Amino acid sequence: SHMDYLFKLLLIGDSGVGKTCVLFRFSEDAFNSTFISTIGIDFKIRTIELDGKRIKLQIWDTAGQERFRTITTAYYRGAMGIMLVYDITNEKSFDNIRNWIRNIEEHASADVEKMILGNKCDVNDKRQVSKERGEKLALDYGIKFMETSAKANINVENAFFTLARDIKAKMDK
């Protein structure tokens, strides 16, 4: 209820990669198996603690649908942290990560924290993108990388706390 910082977070990535489910796992500790595509932009609130400080996370969940990209792009400026999500079962979604990165560079604030999430890491029998290729692309852009699962609850908490830690370390100095 006390607030020390408000961190504005943005989820971006292709429609279907699991942005909404990653946030649903973080905000409600549940998984939704159904695909209800986000229209325009959704938001969830969750307060966390770092270093005895209360950090209200205002998390913008964007439509991956191309149609809403003008609405989506307008939020890049306000974001203090951006999650770039691809799906380890969809090569196409990994390939577009370079485009998403170029769009952050163009429209986002100069010193915005970034993280790449390879989501659906529970679905190993349908994997199209090796973990190392994910780490390799991430290392090339000097951006932090995690494989995540909204379903199996793998690295979702760690991803959000690591992004929030990087933001907090940046603005503490």
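Just count from 1 along the sequence shown to find any residue number.
Visitor: Do the C-alpha atoms of 101-109 or of 65-73 have the higher average B factor in the entry?
Guide: That would be 101-109.
Visitor: Of the two stretches 5-13 and 19-27, which shows the higher Cα B-factor on average in the entry?
Guide: Result: 5-13.
Visitor: Can you tell me which of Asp122, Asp42, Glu49, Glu147 has the highest Cα temperature factor in the record?
Guide: Answer for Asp122, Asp42, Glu49, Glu147: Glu49, with the highest C-alpha B-factor.
Visitor: Please place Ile59 in the lowest, middle or highest third of its chain according to the CA B-factor in the PDB entry.
Guide: For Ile59, the deposited C-alpha B-factor lands in the lowest third.
Visitor: Select lowest, middle or highest to describe the third in which the CA B-factor of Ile36 falls within its chain in this entry.
Guide: Lowest third of the chain for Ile36's C-alpha B-factor.
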